[PDB]
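In: here's my sequence, what's the structure:
(5 chains)
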Amino acid sequence: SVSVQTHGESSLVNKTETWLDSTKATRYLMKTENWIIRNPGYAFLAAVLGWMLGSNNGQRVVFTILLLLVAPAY
Amino acid sequence: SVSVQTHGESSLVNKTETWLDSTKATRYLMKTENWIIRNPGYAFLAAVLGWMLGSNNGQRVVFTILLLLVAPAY
Amino acid sequence: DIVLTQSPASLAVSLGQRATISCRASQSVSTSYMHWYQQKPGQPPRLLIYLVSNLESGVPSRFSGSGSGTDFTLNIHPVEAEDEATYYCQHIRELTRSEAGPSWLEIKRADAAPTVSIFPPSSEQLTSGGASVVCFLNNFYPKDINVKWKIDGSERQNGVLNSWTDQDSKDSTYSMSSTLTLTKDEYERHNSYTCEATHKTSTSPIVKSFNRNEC
Amino acid sequence: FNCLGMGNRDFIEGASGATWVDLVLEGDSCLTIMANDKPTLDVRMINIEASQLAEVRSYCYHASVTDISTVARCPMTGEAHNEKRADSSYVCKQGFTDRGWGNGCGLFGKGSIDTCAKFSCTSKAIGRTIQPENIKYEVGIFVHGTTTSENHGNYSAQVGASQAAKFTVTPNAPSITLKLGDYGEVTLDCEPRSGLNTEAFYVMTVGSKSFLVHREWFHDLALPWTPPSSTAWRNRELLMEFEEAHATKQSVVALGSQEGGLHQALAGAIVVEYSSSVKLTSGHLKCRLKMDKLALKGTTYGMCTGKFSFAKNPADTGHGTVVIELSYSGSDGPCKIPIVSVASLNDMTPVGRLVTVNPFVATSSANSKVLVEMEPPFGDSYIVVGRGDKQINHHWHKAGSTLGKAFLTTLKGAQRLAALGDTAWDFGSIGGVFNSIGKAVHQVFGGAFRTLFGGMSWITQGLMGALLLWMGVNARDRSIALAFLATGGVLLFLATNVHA
Amino acid sequence: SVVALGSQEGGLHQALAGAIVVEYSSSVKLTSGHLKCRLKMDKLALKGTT
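Out: Numbering: from 1, shown residues only, chains lettered A, B, ... in the order given. See below for the structure:
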């Protein structure tokens, strides 16, 4: 549809003010943050799954911070 | 914006034909499949990351099939 | 798929007065994509307005207009004698590209009555076997006019050849020439020949008559 | 056409050794060439022009429902057929109506209906496809002679002095030779076809304005579209919907105008205007500047014998140089204008270099304004105009000292490496060996790797890079950089390049 | 050049997914009902066994 699969980004030459540039940073995060605020109860058990498996410490967060970004808009 | 963060789903009572129902199944997959077809070269190295770490077999795919869904529309 | 029509098809207005053309486009939301062409008879036109806000190179700043979607306008506030022409327009977006039924500019003046002169056929044409009775209507305004060939008090529409000019360059009036063509034998079997010219100026038709028995 | 007051002004340091140089230019940026025996040059793109554009297809974003027709039938009758399925203008769809004995039928639980609605497009977008030969490039070229605040920013004025020129390079005629008059002739050999990629994208018209879109994404747009000629469209059912079926009543409703959604579908698209010929803002073109017949006249001149004055006060161009305009009141002209850039007043040794080489008085007329630019060194310097006691000087200081400037070359150099693809090494001009293999190593690296997974948008390749940086943490000896290869650079850089 | 976005009506229809289509004339008529009622059959009886 027209809602998703935007032209962005051209990335050919293009040093200029495009149609939407400064709003491109607000595409995902804010809409995904509005999703995780929409569903806080998920966010509590979300990061729990990272500490469950692998016992490798620092890469357990690699699960969470990536997986917490999966659930919004699938 | 109006493009994302749709009303769907109400999920209160609502046994009826809604505004958009049959098209709700085509929201993510088809647009994410059009993304992975857009970027096949990523899909080759994408699933490679799953077989890299953990040596636990079946859960290595849990990385990929989840991570290959992350990249489309972030 | 789109139908275009331009109105008024003929507009009589004095120079310097604003002329705003009521127009439209049938297939809707053309965005702007509408133009204006001025064409004198027997010439190619000239593009007046493109982008609907913008002139071409040669066209002076007196031309303007606005619109979107269906309706569009050509607004010339200082119309001039150089603006005298047949105004055309044309569309874009969908295809095929087509124009509208055009509109004429006419410079307004006082309504003038025609000078009617009906000439009997020459002696050279009679000897050729035919007879063409000609009726000249000169310097009449506006263009609305009618000629009726009354032979012995009866109107004949056969052999009637009507040649009239456009709006003149000098006095900006119209001139018409009507021609009644007959054979010499048919010419000599009919006596009274007259062309009555009715016009908006004269409430009665202007009657110029001659008989073959007369002179 | 010139580099005066442009947003991006970059320079060229002449090493001589050759009269030809291969440089890439842009619409916004203006290149400035400074070489021995060759005066100071301005090379920039005005815009990108295209002559003939074919019509690829169109898209109807806004539609309206007309003539809703639903033919009701009984259960067990199978398919329902409305007579409107003959014309393609009518949008027909199967369906059913649950029937009782109360409404229209003698059976229960099922039904069949054919719902047809005539399609009417209120508004439609149109795309364009670019032909390679039709692409034109208007490249402003300028050489710095005696100039004022008027003529220097003026084209036709410097054409009378033959110091500025315009021209159109096309695939049919990529080579153009233009004469600078008193300073000789220059030959410019461009690559119009290969400057951009003509078939990489289309030109989409949304409403009145037109915009650029990738052509592979152009066909992948989900919205009712149109064949070039006239009539029969595809996927026109997407702008319309259906409802429940009560007896014969079902309402086909049309979606509103998708123009906003098209403007939402446009993000990195470049705004492009047009009149007779489309003018693109950001240029990419590969040209060859041949300076062989460009030379310096007036080797026999001498210094001016009389007082100077400031027509305008000095300032900083922001690009690292200082320009001044001088009104010379002396009548001894034509004469070579004495001027320098010095460290201290007690030291007459020139340090800073003149941006505009060989300042010269046009005519003997007194109070003739002359605009000459110079590049002072870093730190406290002085602009000294003239010799002997009638010189009038000025103090200048520039904090851009080579420490930070080394990064301005480095950091922007990597920025020059980004977004220019394989052409980024054309700043390696009069190259070979290093510069040749430097592009060649990046050639296949530009034809693979970054372009293979290319299409990533902002944080998509940026976020995973931070996770790919973790791949450098877990590794083995001699295997360290293997997982670190694509991580550092080429990935996080462009993510830091565009923030925002 | 300040340029305006097009009509977002489609985006509003895109923003609508689980929304129920509702008509109206002088009083709005909602399709799917939810109501809690108490049916008292005390006076309801059978006649006519005669």
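
In: and the longest helix along chain A, what's buried?
Out: Assignment by DSSP state H gives helix A:59-70 as the longest helix of chain A. By 16 or more other Cβ atoms under 10 Å in any protein chain shown, the buried positions in helix A:59-70 come out as A:60, A:62, A:63, A:64, A:66, A:67, A:68, A:69. Where C-beta positions appear, they are placed from N, C-alpha and C, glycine not excepted.

In: show the contacting residues for the nearest residue to the fifth one once chain neighbours are set aside.
Out: The reference is to residue A:66. Once flanking residues are discounted, residue A:66 sits nearest to residue B:70: 6.3 Å by Cβ to Cβ, 6 or more residues apart in numbering or on different chains. By Cβ atoms under 8 Å, 6 or more residues apart in numbering or on different chains, residue B:70 lies in contact with A:66, A:69, A:70.

In: that older thread, which one of the buried residues of helix A:59-70 is nearest to chain D?
Out: Taking Cβ to the nearest Cβ as the measure, chain D lies nearest residue A:62 of the buried residues of helix A:59-70, at 6.2 Å.

In: for the strand or helix carrying residue C:118, which strands pair with it and how are they oriented?
Out: For residue C:118, the element it lies in under DSSP states H and E is strand C:115-119. In the sheet, strand C:115-119 lines up against strand C:130-140 (antiparallel) (DSSP bridges).

In: would you mind writing the CA trace of the partner strand as CSV?
Out: Taking C-alpha atoms only, strand C:130-140 is exported to CSV below (Å, rounded to 0.1, in the frame of the first residue of the first chain):
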residue,chain,number,x,y,z
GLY,C,130,-25.2,32.4,-66.7
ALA,C,131,-26.3,35.3,-64.5
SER,C,132,-24.9,35.9,-61.0
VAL,C,133,-26.7,38.7,-59.1
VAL,C,134,-24.4,39.9,-56.3
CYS,C,135,-25.3,41.7,-53.1
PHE,C,136,-22.6,43.5,-51.2
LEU,C,137,-23.2,44.2,-47.5
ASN,C,138,-20.3,46.4,-46.1
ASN,C,139,-19.4,47.9,-42.7
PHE,C,140,-22.1,46.3,-40.5
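
In: touching the helix or strand following it from outside, list them.
Out: Per DSSP H and E, the first helix or strand lying C-terminal to strand C:130-140 is strand C:145-151. Residues outside strand C:145-151 that contact it (Cβ under 8 Å, 6+ apart) are C:114, C:133, C:135, C:137, C:155-157, C:160, C:162, C:164, C:174, C:176, C:178, C:180, C:190, C:192-199, C:205.

In: how about 7 Å then?
Out: C:114, C:135, C:137, C:155-156, C:160, C:162, C:176, C:178, C:180, C:190, C:192-199, C:205 (Cβ atoms under 7 Å, 6 or more residues apart in numbering or on different chains).

In: return the distance of it from the chain's centre.
Out: 19 Å (Cα atoms, centre = their mean, to the nearest Å).

In: direction included, what does the helix or strand following that strand pair against?
Out: Next helix or strand after strand C:145-151 toward the C-terminus (DSSP H and E): strand C:154-155. Partner strands and pairing direction for strand C:154-155 (DSSP bridges) are strand C:145-151 (antiparallel).

In: what residues sit buried inside the partner strand?
Out: C:145, C:147, C:148, C:149, C:150, C:151.

In: ok, these vs residue E:24, which is closest?
Out: For the buried residues of strand C:145-151, the minimum distance to residue E:24 (Cβ to Cβ) is 61.3 Å, reached by residue C:145.

In: follow-up on the earlier one: can I get the strand holding residue C:118 in CSV, CA atoms only?
Out: Extracted as CSV, the C-alpha positions of strand C:115-119 are listed here (Å, rounded to 0.1, in the frame of the first residue of the first chain):
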residue,chain,number,x,y,z
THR,C,115,-24.3,49.3,-46.9
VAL,C,116,-26.2,47.1,-49.3
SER,C,117,-25.5,47.2,-53.0
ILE,C,118,-27.1,44.6,-55.3
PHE,C,119,-25.5,44.5,-58.8
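
In: neighbouring contacts of that strand?
Out: Contact with strand C:115-119 is made by C:133-139, C:193-195, C:197, C:206, C:208, C:210, as judged by Cβ under 7 Å, 6+ apart.

In: got a list of what residue 72 touches?
Out: Going with chain A. So residue A:72 contacts A:32, A:35, A:36 (Cβ under 7 Å, 6+ apart).

In: my question was about chain C, not that one.
Out: Residue C:72 neighbours (Cβ under 7 Å, 6+ apart): C:23, C:25, C:34, C:52, C:65.

In: farthest pair in those?
Out: So, the contacts of residue C:72 by Cβ to Cβ: farthest apart are C:25 and C:65, at 13.3 Å.

In: which of those two has more residues huddled nearby?
Out: A side-by-side neighbour count of residue C:25 and residue C:65, using other Cβ atoms under 10 Å in any protein chain shown, places residue C:25 first with 23 against 20.

In: so that one touches residue C:91, yeah?
Out: Yes - counting by Cβ atoms under 7 Å, residue C:25 sits close enough to residue C:91 to count as a contact (5.8 Å).

In: identify the contacts common to the two.
Out: By Cβ under 7 Å, 6+ apart, residue C:25 and residue C:91 have these common neighbours: C:2, C:4, C:34.
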